[PDB]
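*Asks:* Opening with a subset of the complex:
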Amino acid sequence: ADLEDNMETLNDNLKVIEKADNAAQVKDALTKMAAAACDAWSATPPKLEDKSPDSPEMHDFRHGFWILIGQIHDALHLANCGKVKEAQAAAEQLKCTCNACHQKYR
Amino acid sequence: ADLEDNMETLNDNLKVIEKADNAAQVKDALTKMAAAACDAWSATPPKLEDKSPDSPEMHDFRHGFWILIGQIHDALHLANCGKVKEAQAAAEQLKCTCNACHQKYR
């Protein structure tokens, strides 16, 4: 349930994808990431603890997760259809979403 | 967190939108729908009760939720912006995603 725990689960499963052998491994990891992302959006990060839940900073923080869930969905199509290289390449593009949110609120 | 309960909160909040006057009411209903959707995809429907979580059928079952969440995300842009009518029209288009899943797994 914890924001820090959700970030650890996102971190571990991202590496899993990068170095996966089969599609079953990639799909398992992406589904775990989707769970963590769904649980993370409702949390308030330390940096934004003083700002209202309707601030333009709390929008955007939530928005980051909608984008990530969209990317996971897209990777899932590729993994399920046995394109393991394409799935791994797509997963590499998640980092961009990771980095942009971290550069503002981490 | 029950599948039936999450469906109720989805069904209720969609009617709230239809009858809303201001944008703040729309934002509040869409956030609740997003939480329910994020909570419902992990559950197993009575029609697939004998199927494994990593089975092919469970994969397409979760697919409808990925599409739903992206439509809530899109509607949220309009509601946060203050475009009440357009947000209501966006919310209406959800009904098709609701319908398609129900045809297959209900």
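*Replies:* Nice, I can see it. Numbering: from 1, shown residues only, chains lettered A, B, ... in the order given.
*Asks:* so residue A:73 touches residue B:73, yeah?
*Replies:* No: in this structure residue A:73 lies outside contact range of residue B:73 using C-beta atoms under 8 Å: 11.2 Å. The C-beta positions use only the backbone N, C-alpha and C, and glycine is treated the same way.
*Asks:* how much space is there between the closest residue to residue A:52 other than its chain neighbours and residue A:27?
*Replies:* Using C-beta to C-beta, 6 or more residues apart in numbering or on different chains and skipping the chain neighbours, the partner closest in space to residue A:52 is residue A:58 (7.0 Å). Computed as C-beta to C-beta, to the nearest Å, the residue A:58 to residue A:27 distance reads 32 Å.
*Asks:* okay, those two: which has more neighbours?
*Replies:* More neighbours surround residue A:27 than the other of residue A:58 and residue A:27, with 20 against 16 (other C-beta atoms under 10 Å in any protein chain shown).
*Asks:* what helix or strand does that one sit in?
*Replies:* Using DSSP states H and E, residue A:27 falls within helix A:23-40.
*Asks:* Neighbours of residue A:71, how many?
*Replies:* That count, for residue A:71 with other C-beta under 10 Å as the rule, works out to 19.
*Asks:* Report the contact partners of it.
*Replies:* The neighbourhood of residue A:71, defined by C-beta atoms under 8 Å, 6 or more residues apart in numbering or on different chains, consists of A:90, A:93-94, A:97.
*Asks:* buried subset of the residues you listed?
*Replies:* A:90, A:94, A:97 (16 or more other C-beta atoms under 10 Å in any protein chain shown).
*Asks:* Now for the first one: which residues touch it?
*Replies:* Taking C-beta under 8 Å, 6+ apart as the definition of contact, the neighbours of residue A:90 are A:71, A:74-75, A:78.
*Asks:* Distance check, it against chain B.
*Replies:* Remark: distance between residue A:90 and chain B (C-beta to the nearest C-beta, to the nearest Å) = 14 Å.
*Asks:* As chain C, please add this:
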Amino acid sequence: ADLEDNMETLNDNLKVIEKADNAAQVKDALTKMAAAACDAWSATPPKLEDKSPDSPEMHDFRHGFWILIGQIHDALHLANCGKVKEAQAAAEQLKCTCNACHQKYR
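*Replies:* Putting chain C together with the chains above:
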């Protein structure tokens, strides 16, 4: 390349998908709909001839086309994977984007 011709293209190719025998016929028809959608969005519909290109109605008019292109994209995943029936059902959900615009602007 005018609005009416592009609407004929979308209409015809949607029938092609519904009556398709194979995935290759589905791929071909989705490609043609993507080209039609890409060519249609810059046009001005007769009912908004009095409005500026930069106006809330014209932003909304073009929006319907980003949604359609996104749905075509999703359906192409399914047809490239060889999932013909799933791709035919996904193409059916396009109809709601068709009707949403038509109710406002046709």
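*Asks:* re the thing from before, next secondary structure after the helix holding residue A:27?
*Replies:* helix A:58-80.
*Asks:* where's that following helix relative to the chain centroid, distance-wise?
*Replies:* 6 Å (C-alpha atoms, centre = their mean, to the nearest Å).
*Asks:* Name the residues of the next helix or strand after it that are buried.
*Replies:* The C-terminal neighbour of helix A:58-80 among helices and strands, as given by DSSP H and E, is helix A:84-92. Within helix A:84-92, the residues scored as buried using 16+ other C-beta under 10 Å are A:84, A:87-88, A:90-91.
*Asks:* returning to what we had before: I'd like the distance from the helix holding residue A:27 to the chain centre, please.
*Replies:* 8 Å.
*Asks:* Ok, stretch A:86-99 next?
*Replies:* 9 Å.
*Asks:* That stretch and chain C, any residue contact?
*Replies:* No: on the criterion C-beta under 8 Å from any C-beta of the partner chain, stretch A:86-99 is out of touch with chain C, staying 10.7 Å away.
*Asks:* The helix holding residue A:27 packs against which elements?
*Replies:* Applying 3 or more C-beta pairs under 8 Å, 6 or more residues apart in numbering or on different chains; DSSP states H and E, we find helix A:23-40 packed against helix A:3-18, helix A:58-80, helix A:84-92, helix B:23-40.
*Asks:* Identify the residues contacting that helix?
*Replies:* A:1, A:3, A:6-7, A:9-10, A:13-14, A:16-17, A:20, A:65, A:68-69, A:72-73, A:75-76, A:79-80, A:82, A:84, A:87-88, A:91, B:38-39, B:41-42, B:54, B:59, B:62.
*Asks:* List buried residues within the residues you listed.
*Replies:* A:6, A:9-10, A:13-14, A:16-17, A:20, A:65, A:68-69, A:72-73, A:75-76, A:79-80, A:84, A:87-88, A:91, B:38-39, B:41, B:62.
*Asks:* Drop chain D onto that structure:
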Amino acid sequence: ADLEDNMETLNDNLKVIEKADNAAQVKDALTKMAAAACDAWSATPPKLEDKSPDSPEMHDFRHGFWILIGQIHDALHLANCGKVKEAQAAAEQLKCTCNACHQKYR
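*Replies:* Time to bring in chain D:
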């Protein structure tokens, strides 16, 4: 019309968004990038002239453009709402799509 011209349009307008002062400049530049993306996806790049138009590389080539159009769509929400800064940040998240495609196919 040809792929090189399309790529210059994308490049020029991306710089314009970075250096933009008003929402009107961002709107116009994002719209021009949407048209360029739409005219680019049907071409065949030099490095894939020897491959089949139904090959996984050609599928992946076209796919990069659907992702870009979705990101331009996303940024236009922010720009049409007058929100210049976050429309500009959204526009930066788009380089990751530019780079993934050049890293494999340019």
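*Asks:* What packs on helix A:23-40 with chain D there, same question as before?
*Replies:* helix A:3-18, helix A:58-80, helix A:84-92, helix B:23-40.
*Asks:* now the most centrally placed residue in chain A: how far from residue C:55?
*Replies:* Chain A has residue A:68 as the residue nearest its centroid, 4.8 Å off, counting by C-alpha atoms, centre = their mean. In this view, residue A:68 and residue C:55 are 33 Å apart by C-beta to C-beta.
*Asks:* With adjacent residues omitted, what lies nearest to residue A:66?
*Replies:* According to C-beta to C-beta, 6+ apart, the nearest residue to residue A:66 is residue B:73 (4.0 Å).
*Asks:* Confirm for me that that neighbour is in contact with residue A:64.
*Replies:* No: counting by C-beta under 8 Å, residue B:73 stays clear of residue A:64, with 11.3 Å between them.
*Asks:* Next to chain D, which bits of chain A? Give me the list.
*Replies:* A:56, A:60, A:67, A:70, A:74, A:83, A:86, A:89, A:92-93, A:96-97, A:100.
*Asks:* Could you work out the most separated pair of the residues you listed?
*Replies:* The span of these, defined through C-beta to C-beta, is set by A:56 and A:83 at 38.6 Å.
*Asks:* more neighbours, the two?
*Replies:* residue A:83 (19 against 12).
*Asks:* Run through the residues that contact residue A:16.
*Replies:* Counting by C-beta under 8 Å, 6+ apart, residue A:16 has contacts A:25-26, A:28-29.
*Asks:* So which bits of chain A are right by chain B?
*Replies:* A:24, A:27-28, A:31, A:34-35, A:38-39, A:41-42, A:54, A:59, A:63, A:66, A:69-70, A:73, A:76, A:80.
*Asks:* re the thing from before, take the contacts of residue A:16 and lay them out in JSON lines including neighbour count.
*Replies:* Converted to JSON lines, the contacts of residue A:16 look like this (neighbours: other C-beta atoms under 10 Å in any protein chain shown):
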{"residue": "A:25", "neighbour count": "15"}
{"residue": "A:26", "neighbour count": "25"}
{"residue": "A:28", "neighbour count": "18"}
{"residue": "A:29", "neighbour count": "24"}
